[PDB]
Amino acid sequence: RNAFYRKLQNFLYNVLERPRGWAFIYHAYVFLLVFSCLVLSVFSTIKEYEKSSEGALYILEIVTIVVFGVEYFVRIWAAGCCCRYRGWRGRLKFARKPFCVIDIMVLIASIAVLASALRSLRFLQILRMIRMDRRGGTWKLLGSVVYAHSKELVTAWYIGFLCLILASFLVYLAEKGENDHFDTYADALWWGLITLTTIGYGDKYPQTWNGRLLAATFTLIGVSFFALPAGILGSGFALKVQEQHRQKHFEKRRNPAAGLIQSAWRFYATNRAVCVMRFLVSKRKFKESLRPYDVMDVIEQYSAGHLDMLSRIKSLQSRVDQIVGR
Amino acid sequence: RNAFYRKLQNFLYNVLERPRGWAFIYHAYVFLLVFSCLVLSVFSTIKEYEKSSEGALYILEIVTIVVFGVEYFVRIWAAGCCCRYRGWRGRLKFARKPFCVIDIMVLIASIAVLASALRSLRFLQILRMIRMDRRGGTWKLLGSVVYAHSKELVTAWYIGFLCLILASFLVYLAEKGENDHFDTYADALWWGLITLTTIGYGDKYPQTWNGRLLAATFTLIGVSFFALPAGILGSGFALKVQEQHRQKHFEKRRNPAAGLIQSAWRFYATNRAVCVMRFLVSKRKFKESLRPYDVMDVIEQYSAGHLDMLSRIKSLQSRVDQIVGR
Amino acid sequence: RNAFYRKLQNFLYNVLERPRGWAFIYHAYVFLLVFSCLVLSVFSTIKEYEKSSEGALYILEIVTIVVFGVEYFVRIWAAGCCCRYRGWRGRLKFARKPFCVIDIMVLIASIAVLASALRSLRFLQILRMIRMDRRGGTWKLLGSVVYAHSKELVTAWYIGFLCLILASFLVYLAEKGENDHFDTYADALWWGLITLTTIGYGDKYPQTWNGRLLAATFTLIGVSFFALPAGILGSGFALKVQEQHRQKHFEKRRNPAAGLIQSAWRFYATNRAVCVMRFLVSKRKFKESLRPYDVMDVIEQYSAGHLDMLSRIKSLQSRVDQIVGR
Amino acid sequence: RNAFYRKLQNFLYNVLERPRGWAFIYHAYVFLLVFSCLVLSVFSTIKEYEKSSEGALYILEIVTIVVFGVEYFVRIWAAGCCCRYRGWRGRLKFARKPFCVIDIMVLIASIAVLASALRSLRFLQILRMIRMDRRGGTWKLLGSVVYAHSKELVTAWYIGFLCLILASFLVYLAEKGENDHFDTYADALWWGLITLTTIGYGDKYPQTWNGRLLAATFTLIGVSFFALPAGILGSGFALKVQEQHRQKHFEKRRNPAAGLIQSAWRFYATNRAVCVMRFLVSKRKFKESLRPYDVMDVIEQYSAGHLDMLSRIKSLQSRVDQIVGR
Amino acid sequence: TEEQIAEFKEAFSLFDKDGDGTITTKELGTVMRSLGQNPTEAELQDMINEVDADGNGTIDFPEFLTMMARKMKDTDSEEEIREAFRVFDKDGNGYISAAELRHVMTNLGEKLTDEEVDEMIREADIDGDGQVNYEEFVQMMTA
Amino acid sequence: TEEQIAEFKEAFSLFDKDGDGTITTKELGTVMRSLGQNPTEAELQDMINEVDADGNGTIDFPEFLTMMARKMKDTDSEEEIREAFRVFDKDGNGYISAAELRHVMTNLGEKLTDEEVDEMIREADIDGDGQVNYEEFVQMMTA
Amino acid sequence: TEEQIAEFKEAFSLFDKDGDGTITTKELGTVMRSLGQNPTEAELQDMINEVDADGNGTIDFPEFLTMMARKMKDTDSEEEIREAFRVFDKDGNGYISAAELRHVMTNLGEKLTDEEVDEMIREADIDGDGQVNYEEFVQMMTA
Amino acid sequence: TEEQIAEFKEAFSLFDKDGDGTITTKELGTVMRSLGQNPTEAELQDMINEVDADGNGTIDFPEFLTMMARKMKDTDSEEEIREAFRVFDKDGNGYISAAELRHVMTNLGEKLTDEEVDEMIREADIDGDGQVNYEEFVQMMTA
Ligand SMILES: C=C(C)[C@@H]1CCC(C)=C[C@H]1c1c(O)cc(CCCCC)cc1O
Ligand SMILES: C=C(C)[C@@H]1CCC(C)=C[C@H]1c1c(O)cc(CCCCC)cc1O
Ligand SMILES: C=C(C)[C@@H]1CCC(C)=C[C@H]1c1c(O)cc(CCCCC)cc1O
Ligand SMILES: C=C(C)[C@@H]1CCC(C)=C[C@H]1c1c(O)cc(CCCCC)cc1O
Ligand SMILES: C=C(C)[C@@H]1CCC(C)=C[C@H]1c1c(O)cc(CCCCC)cc1O
Ligand SMILES: C=C(C)[C@@H]1CCC(C)=C[C@H]1c1c(O)cc(CCCCC)cc1O
Ligand SMILES: C=C(C)[C@@H]1CCC(C)=C[C@H]1c1c(O)cc(CCCCC)cc1O
């Protein structure tokens, strides 16, 4: 059953590691489980329901222990599919992966906690919550979209901060005496931040009509400047998704790769100028196909087609001229 | 008048079922009607206006019964236009449609209620409000746009939740003693959720300056992370609408369909390899026209044009070479 | 000086009617003026500053009357530039324009008011504020963008309304007894609307922990559904602006127009089948240039180029075949 | 070491003036420094921490003095890289730059303040904060995006203002008597502005059920109209960034420039019709490459290719016709 | 009238060379080539699409009479020519300058002989102001 | 059956001119050209991939028998034909008018002879209402 | 001057082969082909619109003299050449390296003979630092 | 070594037919055509760009020796080979099936003779599992 064993091992590795479809459902389950623990912790804080919260939390934590331990061991076993993790040394290197190290250490620390330990339990719960990512994908995506719009976010922050400072100062001037809310410029700054973000507690609000007019005038644009980052990032995310959907179809990374591997094999077997030159050529084509993944490839295709057709027309001209001479 | 009868029946079916233009106006009317009922129910809750609210609601409910009954019977009668619903069995199957079943059962339940029944009346009103969709179109559209951006929404939720947890914890630490609002970490979590969403009741707000500084620092990014989903989904919806408008014009689904039907007829009449293989080919063209509905078709068109042109140029080269040899 | 007189008249007509550049500055001035009046009216309401507000408002109103009267007469005079408004009958028809009628009638009503008249003054001020549009451009733009996204706005409203109703009902159930805020389902509906819009007065908020948990769970998605329309419309507006900028350059409406005018003149002079057929053809080209104004024209251009090149290649094939036969 | 000296001078000029990569890190540092000073000023306002805040602020201000002075002198020295600023007169002109003048004058004013001077210190701190831009880049970007969408923002403002006025008036009518919040129409206007922006202090809110219904009906659309500008500008910023990313690759500004410089040199050496006309032609090509930077260039490329191919086909037709005659 | 129908029949016979009452595109192309200009395949396909009222690629004589019955006023073609003129009215004042008018007539779209544009300046310029109008001009063509 | 396999072998030998059991694109092109129509490189290659179940560019006799084994009902080709007819059902009522049907057959897609469309009107029009149905029709082709 | 006008008239007669004062595109093409380089229809048409100040496709002698009245300083072409040089100034320091300069001259845009780039290096190297400037250089060309 | 430099000089002389030490693209094209297949203009220009380290369109002998000095391990081309194999690794398990491997070698990119792919299946398949690995394989090519 070695074939069936290998099939099962590959399926387990795929579901535990990067999944594609219904495999994600499993993760959801475990995620909910760990999420549940987190929620129960919060409930343990309320003294009204602390007893029942802790009673459920103990068994939920032990269940988390069992699930995470079995998942970790299954992941270690299923790491054999990839070549880089084979045998004692290979699987030891696999356990050397940062997230596998995090998983094993959190498992052991939680086990020890089972054997004021509550704070450690809460910290471990949040630690597993953050480890749920397992790849940094969310952070990578957010950082990419933010850095792409770094100039826009910076200008939004700069102008919004200037608006906040100026509006807070003017309202403070208009409300310094006739209102205890704006006793100090720090209070006015707190008010300005709370309003321009549109949180608006109501603990501080202008009461003098001059202050009200100034606050109206400034918030009317400050709220927009403060809401700008949300819109900028949302539009950036949507455009990134749309372009990913469009680029999902082209699949123009195939021929350069085959050429690259063939040329590398030929040059390796050579051991000459043509072989090495062609290897460099094929690597060049490989990476030049890697980069664009966009409409620049299409413009390159138009340029190639047009220049080729022009060359064929020049050949036509030569042929017709020579025929006329004949 | 069978021709006029059939024309009227088709018009009724079109207006009752999927309409296109001014037919929608009728739906608006009925929608308003049912909506009005819902509103009156709410007004019946206010003890100040309960008597008049119920007095109007009785007649409005009877009117709703009349309208829905006549509409249901007219829909059943007009279902004859489509072939699938003809005769006793055909119309029985039409009534087997899930939304027709819902309509008939809600009608029957409401009339029975007419003959603490108020709660059943409210539930039936909301039931007809939800049934007003009649197709799941809104749910389908929302699900499509959400699933398209599933990664973006998930990262937004993950980072926003981490920001919520961290900000609530830090503000709780900075306000645990000197403020009764943040008595328990659950209270701090409630505060964090209310502010980061920018609802900001003001029932809980930081009062210690350390708490105020921490809340400012964290909300300044938390509000953006919490507003992200709205912007992401709005941009996704707008882009989907724009691409639908663009794709509304191409109309490149005609020739493959004609080829498919013609080849299917030919293969049916065959009863051979050529006809069956051409039927498969025409089906292939049909589906391959079905899929793209986007610029990928245009890139395919460029590829086809370029390869055909190159073939013609090769033919030219052969001809000119042979003429030179001639 | 009739030439200079006509130049000045055309300049006045352009600045008063649809302007392009710095002409708009003039409008801003007058707009500010009328806007100022509106503001003063509000200030007249505050009894603390009623006397000074009214004292300034009388002068500002007389100034508004002077400015609007002189502007109206200058507009009537400058209407002579267009052919449709020439002479007694032409200028009478020009005054028949709906906004000119509104302007003259508001001017007359205001002067009469000058000779509880305050309410009429406020209504006239808001009337001139709305008339400031003079074309319906803002309403036309908003309606266009809304109707383009009608399906998306409708689904957003439907799902957000369902979320509002359900969340309000559940919070009402969880807070009916232990909180006087949610005394009646109408109060819960008011709370739900105020929170899901993120206005969050704080006059009503959940206080029972079950109510708080339910409110958190529901608002976390309700706020997004309620903020959706803003994002959808913002993205639609931005995309419309971007496509307008792109389409501003093509200017492919020239040759069809020249052909249309030439063919119309030829057919008029004919008084035959060729002339009328060409007139219809040129009108067809005119409208077909009118419609696309988008990338569909570009795809049509690709199709035309490809089919023409195919025809030339077929001629090539015929020529080479005949040469081979020769 | 003059070569190394010049390399260091150019590196210093690049990092101080427009940087590209890790040079920005330095700016961040100095920015934080100045920002820190600003924050300390706010802390000096709180009487609870005024003493420590001032004690740290004096040191931080002296540190800012040192850093800005050394940076200014290093910038003046490194200005030698550019040709326009060489020698006494060149560097004097460099100091004539508006931001260099601002820097030197703020440095001197701060030095003098070191030797109620607190207000001057705060104003100087905000002055250096604003001078941190050093180029107007943020203002330029915001103005560009705003002016591009001027029509959209104006319609949003107009419709939102009409909604604000109407909703405030109707709620005032429905709440004039039975609520002291809406004592005067100015109070109702303040309420309307605070809610439609979704700031929602809660200091004023409708309490009569007619007022609550009217407020619900109007805010349901007013909040969207007020949030529109944020979404419009966010989408505009995202689209601008996307188009900048796309246009970053084409790099089609090279050949026209080389032609322009070569033709200018030829025309200068001429001292004739051909050279001057070619100089004008090359300038024309230079600016015509400058303008599009968009897909209009691509449509021009398609037009050029198609017309060229058609010309080649006409030559083909002439050749084949003459061969047939031969 | 009887003579009107007779001349329409003569025109159709000259057009429909086949004589079966089913006029084809090639006949129109050939007769037009006789008239002087070469029509394109797309031009003729649009022509047949416009004239045809049945959808079989040929026009019967009654259809030809019906399309001939449409006069300048009857066709209600006013909006199209007005909007075309506004497209040319680069100033938008309701009048078009003689220089630009002649340049467009003789250099844009279908280049038009100097005789036709001379006739335009002759007839349309009732006022002779150079800023020749097009609304009254198109109105008198409609009449 | 034995005769069925014999006739399939005869057809394959006619197709696979080489006789080695590896039918190629050129053989399909030549045989179809014999049948009357010229096939394109894209057409023939797509034919080959659709028929092929191994991925070497040639089809063995067992694969040929397997593809012949699929009948109209077995292939479950219903959805495609129904949706194509709906695409043609410009009214969407479930019936297609005779005029539009004949126009599409004789003027769209693959040009179909008047005989085939005549056979369609003959067989599909069980009720003879002119508004021929495409559901019972496809049901009878499936059966 | 009188001799200036005489030589300009000689140049125009050489250009305007017709001699009617209406220089056409074909005349420029032919005379400059005699000068050596092959033009394009777009090239010569752009030439004509750039030189034309009337809008009829032909240039009269007064227009030719007027366009020749624009000297290097008068044309105010400073900004264009400065921005082009900045475009080449990949470092942006205000000086362009000699190697890159020669490479661009002899390998980019219009292929310029080694003699012209040699003249550039000769005249522009007032300081002879290799990192030739393009501001003082363009300044002396302006002067 | 001395013999290594001698054989490099022989190869360069066979390549640089001119013998002036400035190898041109045409010489590469001619010698390669001698080797059997035709190079394209873009192919050769990319080749010269990759090999050239000066920027004049010709390669001197020291540059040729320098580019020959780069070994498979020295070039550090590992990442490219691994990512290409992953691109082919449709399953991504670290191993590539023999059938897909041979199909890709003999049917994709540069058509590769059956001998080369046979050599791959021979040398690379140390374990002979059919699911041949590409990581250890590229390691041994690197070594
Ligand atoms: C630079 C921003 C953000 C724009 C443009 C400049 C001005 C005039 C307003 C901003 C703005 C609002 O801040 C709010 C609205 C909504 C209606 C406001 C009711 C008076 C529109 C609106 O354009
Ligand atoms: C670290 C973040 C995310 C932001 C952005 C970067 C900077 C330098 C500070 C944070 C920040 C505050 O933490 C506080 C304020 C205003 C003070 C509020 C009044 C008590 C502004 C302010 O941008
Ligand atoms: C990761 C997000 C969401 C961005 C980028 C990181 C930082 C510096 C801030 C966020 C942000 C705000 O959260 C708010 C504003 C508006 C003005 C704030 C006034 C200090 C701008 C602004 O870029
Ligand atoms: C089911 C929805 C829609 C959301 C998203 C998915 C998850 C697992 C829970 C919901 C949710 C809460 O229901 C509550 C909180 C915070 C607790 C609030 C403090 C009382 C976060 C939180 O994401
Ligand atoms: C259907 C909507 C609107 C999405 C998708 C479904 C779910 C899981 C949440 C919505 C949503 C939020 O409503 C809010 C956030 C911000 C962080 C929330 C903190 C727990 C993200 C976030 O995806
Ligand atoms: C006319 C507008 C613009 C909206 C949208 C269309 C519909 C039918 C009603 C309006 C509206 C309310 O006027 C009130 C509610 C909830 C009641 C609030 C609780 C007192 C929802 C609600 O959609
Ligand atoms: C002109 C705008 C802004 C649209 C279109 C007209 C109407 C019906 C509503 C607006 C709108 C909301 O203002 C709010 C929602 C969210 C749910 C509201 C709950 C009743 C949807 C929603 O389309």
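Residues numbered from 1 in each chain as written, not as in the entry; some residues may be left out. Chains lettered and ligands numbered in written order. Heavy atoms only, no water. Residues with missing side-chain atoms left out of burial classes, pairs and counts.

Our focus in this paragraph is the relation of the copies chain B and chain A. For the pair chain B and chain A, the best superposition has an RMSD of 0.1 Å and corresponds to a rotation of 90° with a translation of 0.0 Å parallel to the axis. Here the symmetry operator amounts to a four-fold rotation axis. (Least-squares fit on C-alpha atoms.)

With that settled, the discussion passes to the site of ligand 2. Around ligand 2, the structure places A:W157, A:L189, B:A216, B:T217, B:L220, B:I221 and D:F35. Within the side chain of B:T217, one N or O atom sits 2.3 Å away from an oxygen atom of ligand 2. When ligand 2 sits alone it has 550 Å² of accessible area, and the protein chains cover 73% of it. If you tally residues by element for the shell around ligand 2, the top one is helix α10 (residues 209-247) of chain B, at four residues. Along the lines of polarity and charge, the residues of the shell around ligand 2 split into six nonpolar, one polar and no charged. (Near = heavy atom within 4 Å. Polar contact = N/O pair within 3.5 Å; in protein donor to acceptor, adjacent residues only side chain to side chain. Areas by Shrake-Rupley, 256 points an atom, 1.4 Å probe, with all protein chains shown as cover. Helix = DSSP H or I, 4+ residues; strand = E, 2+ residues; numbered from the N terminus. Nonpolar A, V, L, I, M, F, W, Y, C, P; charged D, E, K, R; others polar.)

As a further point, take the UniProt feature "binding site: Ca(2+) 2" in chain E. Residue and element names in this part refer to chain E. The UniProt feature table records "binding site: Ca(2+) 2" at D52, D54, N56, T58 and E63. Its place among the elements puts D52 in the loop between α3 (41-51) and α4 (61-68). Excluding residues that lie within four positions of it along the chain, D52 makes contacts with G57, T58, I59 and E63. The residue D54 is located in the loop between α3 and α4 in this model. We classify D54 as partly exposed; its relative accessible area is 38%. For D54, the contacting residues outside a window of four places in its chain are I59, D60 and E63. (UniProt positions renumbered as here; feature names shortened; annotations may be inferred. Contact = heavy atoms within 4.5 Å. Buried < 20%, exposed > 50% of the residue type's maximum accessible area, 1.4 Å probe, protein only.)

Residues A:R18, A:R135, A:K140 and B:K151 make up a contiguous surface patch of positive charge. In this structure, A:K140 sits in helix α7 (residues 137-148). When its relative accessible area of 65% is taken as the criterion, A:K140 is described as exposed. (Patch = residues over 30% accessible without salt bridge, like charges linked within 9 Å, V, L, I, M, F, W, Y side chains within 5 Å. Salt bridge = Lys/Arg side-chain N within 4 Å of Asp/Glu carboxyl O. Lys, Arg positive; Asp, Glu negative; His and termini not counted. Charge placed at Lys NZ, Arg CZ, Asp CG, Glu CD.)

All names here are of chain A. Its place among the elements puts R131 in helix α6 (residues 118-131). We classify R131 as buried; its relative accessible area is 5%. Looking at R131, its side chain comes within polar contact range of the side chain of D103, at 2.8 Å. Contact partners of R131, with chain neighbours within four places excluded, come to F68, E71, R75, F99, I102 and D103.

Residues and elements named next belong to chain A. At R134, a position not held by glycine, the phi torsion is positive, near 75°. Secondary-structure assignment places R134 in the loop between α6 and α7. Take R134: its relative accessible area is 15%, and that puts it in the buried class.

Contact with chain B, which involves 53 residues of that partner, is made by 58 residues of chain C. When residues of chain B are sorted by the area they lose upon contact with chain C, B:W190, B:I199 and B:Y201 head the list and together hold 13% of the total. Summed over the shared surface of chain B and chain C, the number is one salt bridge. Salt-bridge contacts for C:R212 lead to B:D187; the nearest nitrogen and oxygen are separated by 3.5 Å. Inspection of the chain B/chain C interface yields six residue pairs in polar contact. Those elements that provide at least two residues to the side of chain B that touches chain C are α2 (23-45), α6 (118-131), α7 (137-148), α9 (185-196), α10 and α13 (295-325) of chain B. Its residues assigned to classes, the side of chain B that touches chain C shows 30 nonpolar, 14 polar and nine charged. (Buried area = accessible area lost by both parts, 1.4 Å probe.)

If you look at the interface, chain B gives 60 residues, while chain A gives 54 residues. Approximately 4,800 Å² of surface area, both sides summed, lies buried where chain B meets chain A, with 73% of it carried by carbon and sulfur atoms. Together, B:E152, B:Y158 and B:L239 form the three largest contributors to the area buried by chain B at its contact with chain A, with a combined 11%. Here chain B and chain A share one salt bridge between them. In this structure, the connection of chain B to chain A is made through five residue pairs in polar contact. Residue assignment for the side of chain B that touches chain A shows that the elements contributing at least two residues are α8 (150-175), α9, α10 and α13 of chain B. A total of 18 residues in the side of chain B that touches chain A trace back to one element, the largest contributor, which is α10(B). Per-class residue counts for the side of chain B that touches chain A are 36 nonpolar, 15 polar and nine charged.

This paragraph deals with the UniProt feature "binding site: Ca(2+) 4" in chain E. Residues and elements named next belong to chain E. Using the residue numbers shown here, the UniProt feature "binding site: Ca(2+) 4" corresponds to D125, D127, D129, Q131 and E136. Position of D127 among the secondary structure elements: in the loop between α7 (114-124) and β2 (132-133). The exposure class of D127 is partly exposed, given its relative accessible area of 45%. Its place among the elements puts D129 in the loop between α7 and β2. Classification of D129 by relative accessible area gives partly exposed; the value is 36%.

We now examine the UniProt feature "transmembrane region" in chain A. When the UniProt feature table is mapped onto this chain numbering, "transmembrane region" sits at residues 22-44, 55-76, 95-114, 118-136, 149-174 and 209-235 of chain A. The span residues 95-114 of chain A shows a helical share of 90% and a strand share of 0%, and its end C-alpha atoms are spaced 24 Å apart.

It is worth spelling out the domain arrangement of chain A at this point. When its domains are assigned, chain A resolves into domain 1 (2-134), domain 2 (148-247), domain 3 (250-293) and domain 4 (299-326). Each of domain 1 of chain A and domain 2 of chain A has a C-alpha centre, and these two points are 42 Å apart. (Domains from an automatic or database assignment.)

Close to ligand 6 lie B:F35, C:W157, D:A216, D:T217, D:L220 and D:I221. Around ligand 6, the nearby residues trace back to chains B, C and D. D:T217 places a side-chain nitrogen or oxygen 2.3 Å from an oxygen atom of ligand 6. Notes on ligand 6: free accessible area 550 Å², of which the protein chains cover 73%. Considering every element that reaches the shell around ligand 6, the biggest residue donor is helix α10 (residues 209-247) of chain D, with four residues. The residue makeup of the shell around ligand 6, split by class, is five nonpolar, one polar and no charged.

Turning to the packing of helix α12 (residues 273-290) of chain A against helix α5 (residues 78-88) of chain H, a few remarks are in order. It is the contact of α12(A) with α5(H), at a shortest axis distance of 11 Å, that shows an interaxial angle of 60°. Judged by the twist between their axes, the crossing of α12(A) over α5(H) is left-handed. Contact residues: A:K283, A:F286 and A:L290 in α12(A); H:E80, H:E83 and H:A84 in α5(H). Class assignment for the residues of the contact of α12(A) with α5(H) results in three nonpolar, no polar and three charged. (Axes fitted to C-alpha atoms, helices over the stretch in contact; angles between N-to-C directions. Left-handed = near helix turned anticlockwise from the far one by under 90°.)

Take the packing of α7(B) against helix α8 (residues 150-175) of chain C next. Close contact between α7(B) and α8(C) brings their axes to 9 Å; oriented N to C, the two are set at 100°. Here α8(C) runs roughly perpendicular to α7(B), going by the angle between their axes. Residue-level contacts link B:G137, B:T138, B:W139, B:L141 and B:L142 of α7(B) to C:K151, C:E152, C:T155, C:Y158, C:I159 and C:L162 of α8(C). Within the contact of α7(B) with α8(C), the residues separate by chemical class into six nonpolar, three polar and two charged. (Parallel < 35°, antiparallel > 145°, perpendicular 65-115°, else oblique.)

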